[PDB]
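Chemist: Contents of entry36.pdb (PDB, N, CA and C atoms) are below:
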ATOM      1  N   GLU V  16      73.649  74.514  54.190  1.00  0.00           N
ATOM      2  CA  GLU V  16      73.461  74.140  55.582  1.00  0.00           C
ATOM      3  C   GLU V  16      72.024  74.416  56.004  1.00  0.00           C
ATOM      4  N   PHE V  17      71.340  75.298  55.275  1.00  0.00           N
ATOM      5  CA  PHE V  17      69.940  75.576  55.553  1.00  0.00           C
ATOM      6  C   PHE V  17      69.204  75.843  54.254  1.00  0.00           C
ATOM      7  N   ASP V  18      67.875  75.833  54.336  1.00  0.00           N
ATOM      8  CA  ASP V  18      67.034  75.781  53.152  1.00  0.00           C
ATOM      9  C   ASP V  18      65.929  76.822  53.126  1.00  0.00           C
ATOM     10  N   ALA V  19      65.627  77.461  54.247  1.00  0.00           N
ATOM     11  CA  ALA V  19      64.582  78.476  54.285  1.00  0.00           C
ATOM     12  C   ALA V  19      64.853  79.382  55.474  1.00  0.00           C
ATOM     13  N   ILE V  20      64.205  80.540  55.477  1.00  0.00           N
ATOM     14  CA  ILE V  20      64.307  81.463  56.596  1.00  0.00           C
ATOM     15  C   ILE V  20      62.902  81.752  57.106  1.00  0.00           C
ATOM     16  N   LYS V  21      62.802  81.983  58.413  1.00  0.00           N
ATOM     17  CA  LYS V  21      61.537  82.215  59.092  1.00  0.00           C
ATOM     18  C   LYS V  21      61.631  83.494  59.904  1.00  0.00           C
ATOM     19  N   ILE V  22      60.636  84.357  59.753  1.00  0.00           N
ATOM     20  CA  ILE V  22      60.533  85.597  60.507  1.00  0.00           C
ATOM     21  C   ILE V  22      59.252  85.548  61.329  1.00  0.00           C
ATOM     22  N   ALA V  23      59.327  86.055  62.553  1.00  0.00           N
ATOM     23  CA  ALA V  23      58.206  86.063  63.479  1.00  0.00           C
ATOM     24  C   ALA V  23      58.479  87.116  64.541  1.00  0.00           C
ATOM     25  N   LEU V  24      57.499  87.326  65.403  1.00  0.00           N
ATOM     26  CA  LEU V  24      57.723  88.113  66.599  1.00  0.00           C
ATOM     27  C   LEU V  24      58.564  87.310  67.580  1.00  0.00           C
ATOM     28  N   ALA V  25      59.250  88.009  68.475  1.00  0.00           N
ATOM     29  CA  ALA V  25      60.148  87.368  69.427  1.00  0.00           C
ATOM     30  C   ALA V  25      59.469  87.308  70.787  1.00  0.00           C
ATOM     31  N   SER V  26      59.198  86.100  71.268  1.00  0.00           N
ATOM     32  CA  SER V  26      58.647  85.954  72.605  1.00  0.00           C
ATOM     33  C   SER V  26      59.734  86.255  73.629  1.00  0.00           C
ATOM     34  N   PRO V  27      59.369  86.764  74.808  1.00  0.00           N
ATOM     35  CA  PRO V  27      60.371  87.002  75.861  1.00  0.00           C
ATOM     36  C   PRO V  27      61.133  85.759  76.294  1.00  0.00           C
ATOM     37  N   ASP V  28      60.496  84.588  76.209  1.00  0.00           N
ATOM     38  CA  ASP V  28      61.201  83.336  76.452  1.00  0.00           C
ATOM     39  C   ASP V  28      62.303  83.109  75.424  1.00  0.00           C
ATOM     40  N   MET V  29      62.021  83.375  74.147  1.00  0.00           N
ATOM     41  CA  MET V  29      63.056  83.174  73.141  1.00  0.00           C
ATOM     42  C   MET V  29      64.150  84.223  73.235  1.00  0.00           C
ATOM     43  N   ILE V  30      63.822  85.454  73.634  1.00  0.00           N
ATOM     44  CA  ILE V  30      64.863  86.458  73.844  1.00  0.00           C
ATOM     45  C   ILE V  30      65.757  86.072  75.011  1.00  0.00           C
ATOM     46  N   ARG V  31      65.170  85.519  76.072  1.00  0.00           N
ATOM     47  CA  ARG V  31      65.995  85.010  77.161  1.00  0.00           C
ATOM     48  C   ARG V  31      66.844  83.816  76.740  1.00  0.00           C
ATOM     49  N   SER V  32      66.322  82.952  75.870  1.00  0.00           N
ATOM     50  CA  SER V  32      67.105  81.816  75.394  1.00  0.00           C
ATOM     51  C   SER V  32      68.243  82.265  74.484  1.00  0.00           C
ATOM     52  N   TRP V  33      68.027  83.335  73.714  1.00  0.00           N
ATOM     53  CA  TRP V  33      69.091  83.878  72.872  1.00  0.00           C
ATOM     54  C   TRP V  33      70.193  84.484  73.719  1.00  0.00           C
ATOM     55  N   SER V  34      69.808  85.225  74.747  1.00  0.00           N
ATOM     56  CA  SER V  34      70.766  86.016  75.488  1.00  0.00           C
ATOM     57  C   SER V  34      71.503  85.159  76.503  1.00  0.00           C
ATOM     58  N   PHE V  35      72.799  85.418  76.628  1.00  0.00           N
ATOM     59  CA  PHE V  35      73.635  84.716  77.591  1.00  0.00           C
ATOM     60  C   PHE V  35      73.952  85.604  78.785  1.00  0.00           C
ATOM     61  N   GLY V  36      72.970  86.381  79.213  1.00  0.00           N
ATOM     62  CA  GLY V  36      73.129  87.239  80.366  1.00  0.00           C
ATOM     63  C   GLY V  36      72.254  88.466  80.216  1.00  0.00           C
ATOM     64  N   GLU V  37      72.471  89.420  81.114  1.00  0.00           N
ATOM     65  CA  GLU V  37      71.722  90.665  81.069  1.00  0.00           C
ATOM     66  C   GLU V  37      72.517  91.798  81.693  1.00  0.00           C
ATOM     67  N   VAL V  38      72.442  92.966  81.060  1.00  0.00           N
ATOM     68  CA  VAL V  38      73.334  94.085  81.341  1.00  0.00           C
ATOM     69  C   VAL V  38      72.660  94.975  82.378  1.00  0.00           C
ATOM     70  N   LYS V  39      73.445  95.532  83.298  1.00  0.00           N
ATOM     71  CA  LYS V  39      72.882  96.372  84.347  1.00  0.00           C
ATOM     72  C   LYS V  39      73.332  97.819  84.284  1.00  0.00           C
ATOM     73  N   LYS V  40      74.570  98.082  83.904  1.00  0.00           N
ATOM     74  CA  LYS V  40      75.184  99.376  84.124  1.00  0.00           C
ATOM     75  C   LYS V  40      75.658  99.990  82.814  1.00  0.00           C
ATOM     76  N   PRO V  41      75.633 101.316  82.697  1.00  0.00           N
ATOM     77  CA  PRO V  41      75.888 101.964  81.403  1.00  0.00           C
ATOM     78  C   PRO V  41      77.344 102.242  81.069  1.00  0.00           C
ATOM     79  N   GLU V  42      78.285 102.038  81.982  1.00  0.00           N
ATOM     80  CA  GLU V  42      79.664 102.436  81.737  1.00  0.00           C
ATOM     81  C   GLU V  42      80.321 101.508  80.722  1.00  0.00           C
ATOM     82  N   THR V  43      81.051 102.107  79.783  1.00  0.00           N
ATOM     83  CA  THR V  43      81.621 101.351  78.678  1.00  0.00           C
ATOM     84  C   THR V  43      82.958 100.719  79.039  1.00  0.00           C
ATOM     85  N   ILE V  44      83.971 101.555  79.251  1.00  0.00           N
ATOM     86  CA  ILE V  44      85.351 101.131  79.454  1.00  0.00           C
ATOM     87  C   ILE V  44      85.917 101.945  80.604  1.00  0.00           C
ATOM     88  N   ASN V  45      86.642 101.267  81.502  1.00  0.00           N
ATOM     89  CA  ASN V  45      87.328 101.959  82.589  1.00  0.00           C
ATOM     90  C   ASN V  45      88.378 102.928  82.057  1.00  0.00           C
ATOM     91  N   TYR V  46      89.119 102.518  81.025  1.00  0.00           N
ATOM     92  CA  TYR V  46      90.036 103.292  80.176  1.00  0.00           C
ATOM     93  C   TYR V  46      91.322 103.657  80.920  1.00  0.00           C
ATOM     94  N   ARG V  47      91.390 103.430  82.226  1.00  0.00           N
ATOM     95  CA  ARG V  47      92.644 103.413  82.959  1.00  0.00           C
ATOM     96  C   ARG V  47      93.202 102.005  83.017  1.00  0.00           C
ATOM     97  N   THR V  48      92.382 101.050  83.433  1.00  0.00           N
ATOM     98  CA  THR V  48      92.569  99.648  83.111  1.00  0.00           C
ATOM     99  C   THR V  48      91.630  99.321  81.959  1.00  0.00           C
ATOM    100  N   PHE V  49      92.190  98.929  80.819  1.00  0.00           N
ATOM    101  CA  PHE V  49      91.416  98.805  79.590  1.00  0.00           C
ATOM    102  C   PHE V  49      90.534  97.566  79.560  1.00  0.00           C
ATOM    103  N   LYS V  50      90.502  96.800  80.643  1.00  0.00           N
ATOM    104  CA  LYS V  50      89.469  95.805  80.843  1.00  0.00           C
ATOM    105  C   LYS V  50      88.103  96.493  80.890  1.00  0.00           C
ATOM    106  N   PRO V  51      87.056  95.855  80.365  1.00  0.00           N
ATOM    107  CA  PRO V  51      85.759  96.526  80.251  1.00  0.00           C
ATOM    108  C   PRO V  51      85.043  96.600  81.592  1.00  0.00           C
TER     109      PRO V  51
ATOM    110  N   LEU Z 950      70.245 116.365  84.879  1.00  0.00           N
ATOM    111  CA  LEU Z 950      71.131 115.244  84.642  1.00  0.00           C
ATOM    112  C   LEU Z 950      70.872 114.722  83.236  1.00  0.00           C
ATOM    113  N   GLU Z 951      71.860 113.998  82.700  1.00  0.00           N
ATOM    114  CA  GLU Z 951      71.762 113.253  81.446  1.00  0.00           C
ATOM    115  C   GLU Z 951      71.761 114.208  80.244  1.00  0.00           C
ATOM    116  N   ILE Z 952      71.912 115.508  80.477  1.00  0.00           N
ATOM    117  CA  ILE Z 952      72.310 116.429  79.418  1.00  0.00           C
ATOM    118  C   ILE Z 952      73.679 117.019  79.697  1.00  0.00           C
ATOM    119  N   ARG Z 953      74.091 117.032  80.957  1.00  0.00           N
ATOM    120  CA  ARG Z 953      75.399 117.556  81.295  1.00  0.00           C
ATOM    121  C   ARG Z 953      76.326 116.477  81.804  1.00  0.00           C
ATOM    122  N   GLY Z 954      75.777 115.331  82.174  1.00  0.00           N
ATOM    123  CA  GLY Z 954      76.574 114.299  82.785  1.00  0.00           C
ATOM    124  C   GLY Z 954      76.665 114.536  84.272  1.00  0.00           C
ATOM    125  N   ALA Z 955      76.252 113.547  85.052  1.00  0.00           N
ATOM    126  CA  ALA Z 955      76.426 113.623  86.489  1.00  0.00           C
ATOM    127  C   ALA Z 955      77.906 113.558  86.796  1.00  0.00           C
ATOM    128  N   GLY Z 956      78.367 114.462  87.650  1.00  0.00           N
ATOM    129  CA  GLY Z 956      79.785 114.654  87.861  1.00  0.00           C
ATOM    130  C   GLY Z 956      80.492 113.488  88.509  1.00  0.00           C
ATOM    131  N   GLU Z 957      81.804 113.624  88.657  1.00  0.00           N
ATOM    132  CA  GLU Z 957      82.623 112.528  89.142  1.00  0.00           C
ATOM    133  C   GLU Z 957      82.306 112.191  90.590  1.00  0.00           C
ATOM    134  N   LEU Z 958      82.155 110.895  90.845  1.00  0.00           N
ATOM    135  CA  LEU Z 958      81.694 110.406  92.132  1.00  0.00           C
ATOM    136  C   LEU Z 958      82.710 110.626  93.235  1.00  0.00           C
ATOM    137  N   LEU Z 959      83.976 110.813  92.883  1.00  0.00           N
ATOM    138  CA  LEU Z 959      85.018 110.986  93.880  1.00  0.00           C
ATOM    139  C   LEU Z 959      85.839 112.232  93.553  1.00  0.00           C
ATOM    140  N   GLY Z 960      85.169 113.358  93.345  1.00  0.00           N
ATOM    141  CA  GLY Z 960      85.843 114.620  93.134  1.00  0.00           C
ATOM    142  C   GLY Z 960      84.884 115.782  93.256  1.00  0.00           C
ATOM    143  N   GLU Z 961      85.312 116.967  92.837  1.00  0.00           N
ATOM    144  CA  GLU Z 961      84.427 118.124  92.785  1.00  0.00           C
ATOM    145  C   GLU Z 961      83.629 118.082  91.492  1.00  0.00           C
ATOM    146  N   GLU Z 962      83.091 119.228  91.065  1.00  0.00           N
ATOM    147  CA  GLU Z 962      82.464 119.396  89.749  1.00  0.00           C
ATOM    148  C   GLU Z 962      81.245 118.483  89.596  1.00  0.00           C
ATOM    149  N   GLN Z 963      80.207 118.889  90.325  1.00  0.00           N
ATOM    150  CA  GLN Z 963      78.955 118.151  90.447  1.00  0.00           C
ATOM    151  C   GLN Z 963      78.308 117.837  89.103  1.00  0.00           C
ATOM    152  N   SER Z 964      78.522 118.681  88.110  1.00  0.00           N
ATOM    153  CA  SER Z 964      77.974 118.473  86.775  1.00  0.00           C
ATOM    154  C   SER Z 964      79.138 118.233  85.824  1.00  0.00           C
ATOM    155  N   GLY Z 965      79.004 117.236  84.964  1.00  0.00           N
ATOM    156  CA  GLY Z 965      80.019 116.988  83.960  1.00  0.00           C
ATOM    157  C   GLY Z 965      80.114 115.507  83.671  1.00  0.00           C
ATOM    158  N   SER Z 966      80.574 115.205  82.457  1.00  0.00           N
ATOM    159  CA  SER Z 966      80.785 113.811  82.077  1.00  0.00           C
ATOM    160  C   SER Z 966      82.085 113.280  82.670  1.00  0.00           C
ATOM    161  N   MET Z 967      83.207 113.899  82.293  1.00  0.00           N
ATOM    162  CA  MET Z 967      84.485 113.896  83.005  1.00  0.00           C
ATOM    163  C   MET Z 967      85.234 112.558  82.922  1.00  0.00           C
ATOM    164  N   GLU Z 968      84.577 111.507  82.417  1.00  0.00           N
ATOM    165  CA  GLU Z 968      85.109 110.138  82.344  1.00  0.00           C
ATOM    166  C   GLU Z 968      85.613 109.676  83.712  1.00  0.00           C
ATOM    167  N   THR Z 969      84.666 109.560  84.628  1.00  0.00           N
ATOM    168  CA  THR Z 969      84.960 109.453  86.047  1.00  0.00           C
ATOM    169  C   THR Z 969      85.415 108.053  86.439  1.00  0.00           C
ATOM    170  N   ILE Z 970      85.496 107.857  87.744  1.00  0.00           N
ATOM    171  CA  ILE Z 970      85.596 106.556  88.384  1.00  0.00           C
ATOM    172  C   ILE Z 970      84.252 105.855  88.265  1.00  0.00           C
ATOM    173  N   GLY Z 971      84.270 104.625  87.756  1.00  0.00           N
ATOM    174  CA  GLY Z 971      83.064 103.826  87.707  1.00  0.00           C
ATOM    175  C   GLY Z 971      82.556 103.471  89.090  1.00  0.00           C
ATOM    176  N   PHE Z 972      81.225 103.426  89.201  1.00  0.00           N
ATOM    177  CA  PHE Z 972      80.579 103.321  90.505  1.00  0.00           C
ATOM    178  C   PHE Z 972      80.840 101.967  91.156  1.00  0.00           C
ATOM    179  N   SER Z 973      80.893 100.903  90.354  1.00  0.00           N
ATOM    180  CA  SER Z 973      81.253  99.599  90.896  1.00  0.00           C
ATOM    181  C   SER Z 973      82.689  99.601  91.400  1.00  0.00           C
ATOM    182  N   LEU Z 974      83.590 100.222  90.640  1.00  0.00           N
ATOM    183  CA  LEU Z 974      84.968 100.383  91.084  1.00  0.00           C
ATOM    184  C   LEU Z 974      85.043 101.333  92.271  1.00  0.00           C
ATOM    185  N   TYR Z 975      84.198 102.366  92.263  1.00  0.00           N
ATOM    186  CA  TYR Z 975      84.062 103.283  93.391  1.00  0.00           C
ATOM    187  C   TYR Z 975      83.708 102.552  94.677  1.00  0.00           C
ATOM    188  N   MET Z 976      82.723 101.657  94.605  1.00  0.00           N
ATOM    189  CA  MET Z 976      82.289 100.930  95.789  1.00  0.00           C
ATOM    190  C   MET Z 976      83.390 100.006  96.290  1.00  0.00           C
ATOM    191  N   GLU Z 977      84.123  99.379  95.368  1.00  0.00           N
ATOM    192  CA  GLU Z 977      85.223  98.489  95.721  1.00  0.00           C
ATOM    193  C   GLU Z 977      86.348  99.236  96.425  1.00  0.00           C
ATOM    194  N   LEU Z 978      86.756 100.375  95.864  1.00  0.00           N
ATOM    195  CA  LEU Z 978      87.755 101.221  96.510  1.00  0.00           C
ATOM    196  C   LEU Z 978      87.270 101.699  97.869  1.00  0.00           C
ATOM    197  N   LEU Z 979      85.971 101.990  97.973  1.00  0.00           N
ATOM    198  CA  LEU Z 979      85.393 102.436  99.232  1.00  0.00           C
ATOM    199  C   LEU Z 979      85.500 101.361 100.301  1.00  0.00           C
ATOM    200  N   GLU Z 980      85.053 100.144  99.994  1.00  0.00           N
ATOM    201  CA  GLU Z 980      85.079  99.093 101.005  1.00  0.00           C
ATOM    202  C   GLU Z 980      86.498  98.653 101.314  1.00  0.00           C
ATOM    203  N   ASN Z 981      87.398  98.763 100.336  1.00  0.00           N
ATOM    204  CA  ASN Z 981      88.802  98.503 100.596  1.00  0.00           C
ATOM    205  C   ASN Z 981      89.363  99.495 101.592  1.00  0.00           C
ATOM    206  N   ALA Z 982      88.997 100.762 101.439  1.00  0.00           N
ATOM    207  CA  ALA Z 982      89.344 101.751 102.444  1.00  0.00           C
ATOM    208  C   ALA Z 982      88.698 101.422 103.781  1.00  0.00           C
ATOM    209  N   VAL Z 983      87.478 100.879 103.748  1.00  0.00           N
ATOM    210  CA  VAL Z 983      86.747 100.574 104.977  1.00  0.00           C
ATOM    211  C   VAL Z 983      87.451  99.512 105.796  1.00  0.00           C
ATOM    212  N   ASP Z 984      87.709  98.349 105.210  1.00  0.00           N
ATOM    213  CA  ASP Z 984      88.308  97.308 106.029  1.00  0.00           C
ATOM    214  C   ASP Z 984      89.785  97.554 106.288  1.00  0.00           C
ATOM    215  N   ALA Z 985      90.493  98.237 105.373  1.00  0.00           N
ATOM    216  CA  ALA Z 985      91.841  98.688 105.692  1.00  0.00           C
ATOM    217  C   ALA Z 985      91.849  99.714 106.818  1.00  0.00           C
ATOM    218  N   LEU Z 986      90.754 100.453 106.964  1.00  0.00           N
ATOM    219  CA  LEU Z 986      90.642 101.460 108.013  1.00  0.00           C
ATOM    220  C   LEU Z 986      90.344 100.810 109.362  1.00  0.00           C
ATOM    221  N   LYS Z 987      89.345  99.934 109.385  1.00  0.00           N
ATOM    222  CA  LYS Z 987      88.958  99.239 110.608  1.00  0.00           C
ATOM    223  C   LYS Z 987      89.824  98.002 110.825  1.00  0.00           C
ATOM    224  N   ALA Z 988      90.844  97.855 109.987  1.00  0.00           N
ATOM    225  CA  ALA Z 988      91.764  96.727 110.063  1.00  0.00           C
ATOM    226  C   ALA Z 988      92.556  96.750 111.365  1.00  0.00           C
ATOM    227  N   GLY Z 989      92.874  97.951 111.838  1.00  0.00           N
ATOM    228  CA  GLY Z 989      93.625  98.114 113.068  1.00  0.00           C
ATOM    229  C   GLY Z 989      93.368  99.454 113.728  1.00  0.00           C
ATOM    230  N   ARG Z 990      92.119  99.904 113.682  1.00  0.00           N
ATOM    231  CA  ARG Z 990      91.739 101.177 114.279  1.00  0.00           C
ATOM    232  C   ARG Z 990      92.697 102.292 113.871  1.00  0.00           C
ATOM    233  N   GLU Z 991      92.589 102.730 112.621  1.00  0.00           N
ATOM    234  CA  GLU Z 991      93.445 103.792 112.105  1.00  0.00           C
ATOM    235  C   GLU Z 991      92.807 105.161 112.313  1.00  0.00           C
ATOM    236  N   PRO Z 992      93.522 106.061 113.004  1.00  0.00           N
ATOM    237  CA  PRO Z 992      93.036 107.418 113.279  1.00  0.00           C
ATOM    238  C   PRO Z 992      92.586 108.124 112.005  1.00  0.00           C
ATOM    239  N   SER Z 993      91.429 108.775 112.060  1.00  0.00           N
ATOM    240  CA  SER Z 993      90.898 109.486 110.905  1.00  0.00           C
ATOM    241  C   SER Z 993      91.866 110.566 110.457  1.00  0.00           C
ATOM    242  N   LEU Z 994      91.976 110.744 109.140  1.00  0.00           N
ATOM    243  CA  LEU Z 994      92.918 111.708 108.581  1.00  0.00           C
ATOM    244  C   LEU Z 994      92.589 113.136 108.984  1.00  0.00           C
ATOM    245  N   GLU Z 995      91.313 113.411 109.265  1.00  0.00           N
ATOM    246  CA  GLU Z 995      90.865 114.765 109.560  1.00  0.00           C
ATOM    247  C   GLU Z 995      91.529 115.320 110.811  1.00  0.00           C
ATOM    248  N   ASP Z 996      91.673 114.499 111.851  1.00  0.00           N
ATOM    249  CA  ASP Z 996      92.374 115.004 113.021  1.00  0.00           C
ATOM    250  C   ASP Z 996      93.874 115.110 112.788  1.00  0.00           C
ATOM    251  N   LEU Z 997      94.422 114.333 111.845  1.00  0.00           N
ATOM    252  CA  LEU Z 997      95.781 114.593 111.382  1.00  0.00           C
ATOM    253  C   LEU Z 997      95.884 115.939 110.685  1.00  0.00           C
ATOM    254  N   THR Z 998      94.774 116.454 110.165  1.00  0.00           N
ATOM    255  CA  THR Z 998      94.712 117.850 109.767  1.00  0.00           C
ATOM    256  C   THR Z 998      94.789 118.778 110.974  1.00  0.00           C
ATOM    257  N   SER Z 999      94.057 118.450 112.040  1.00  0.00           N
ATOM    258  CA  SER Z 999      93.875 119.387 113.144  1.00  0.00           C
ATOM    259  C   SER Z 999      95.132 119.507 113.991  1.00  0.00           C
TER     260      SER Z 999
END
Translate the structure of the given file into structure tokens.
Modeler:
Amino acid sequence: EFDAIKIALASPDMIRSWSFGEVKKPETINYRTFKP
Amino acid sequence: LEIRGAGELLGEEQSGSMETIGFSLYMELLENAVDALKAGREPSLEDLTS
């Protein structure tokens, strides 16, 4: 399906294009309601 | 902070990890109390103490 690999530095534009959102808060799991 | 864990937002024990109430959930419970409180002018619980 592919033929070569490319490594480079990551521009902030490409990191934003990779990411489907952005995290704000550090809490993991409510753990009373196991929804995250 | 951040070596002992900031304590639970809705309890005693100012220092500690404690696996508390999450702050977003805290705010939601707070405002739910707010509009349920001002929903029909409900007397404050403190004077029900007095």
Chemist: The PyMOL selection byres ((chain Z) within 8 of (chain V)) on the file shown: which residues, as a list in words?
Modeler: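 Taken over the shown coordinates, the PyMOL selection byres ((chain Z) within 8 of (chain V)) returns residues 968, 969, 970, 971 and 972 of chain Z.
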Chemist: Distance atom N of residue 973 in chain Z-atom N of residue 39 in chain V, one decimal place?
Modeler: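 Value for the atom N of residue 973 in chain Z-atom N of residue 39 in chain V distance: 11.6 Å.
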Chemist: By how many Å are CA of residue 960 in chain Z and CA of residue 990 in chain Z apart?
Modeler: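 CA of residue 990 in chain Z lies at a distance of 25.7 Å from CA of residue 960 in chain Z.
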Chemist: Would you compute the distance between atom C of residue 33 in chain V and CA of residue 50 in chain V? Give it in Å to one decimal.
Modeler: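 Rounded to one decimal, the two atoms are 23.5 Å apart.
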Chemist: List every residue of chain V that DSSP, applied to the backbone, labels as helix (DSSP H, G or I), and write the result as a ChimeraX atom specification.
Modeler: /V:27-33
Chemist: Please dump the current selection as a tab-separated table (two decimals), in the frame of the given file; keep N, CA and C atoms.
Modeler:
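part_33.tsv, freshly written:
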chain	number	residue	atom	x	y	z
V	27	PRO	N	59.37	86.76	74.81
V	27	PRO	CA	60.37	87.00	75.86
V	27	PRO	C	61.13	85.76	76.29
V	28	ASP	N	60.50	84.59	76.21
V	28	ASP	CA	61.20	83.34	76.45
V	28	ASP	C	62.30	83.11	75.42
V	29	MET	N	62.02	83.38	74.15
V	29	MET	CA	63.06	83.17	73.14
V	29	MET	C	64.15	84.22	73.24
V	30	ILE	N	63.82	85.45	73.63
V	30	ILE	CA	64.86	86.46	73.84
V	30	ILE	C	65.76	86.07	75.01
V	31	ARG	N	65.17	85.52	76.07
V	31	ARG	CA	66.00	85.01	77.16
V	31	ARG	C	66.84	83.82	76.74
V	32	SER	N	66.32	82.95	75.87
V	32	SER	CA	67.10	81.82	75.39
V	32	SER	C	68.24	82.26	74.48
V	33	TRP	N	68.03	83.34	73.71
V	33	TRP	CA	69.09	83.88	72.87
V	33	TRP	C	70.19	84.48	73.72
Chemist: Can you report as lines of an AutoDock Vina configuration file the centre and edge lengths in Å, to one decimal, of an axis-aligned box around the listed atoms of range 25-44 of chain V padded with 3 Å on each side?
Modeler:
center_x = 72.3
center_y = 92.1
center_z = 76.4
size_x = 33.3
size_y = 26.6
size_z = 21.9
Chemist: Using the chain letters and numbering of this document, enumerate as a ChimeraX atom specification the residues selected by the PyMOL selection byres ((chain Z and resi 966) around 7).
Modeler: /Z:953-957,964-965,967-969
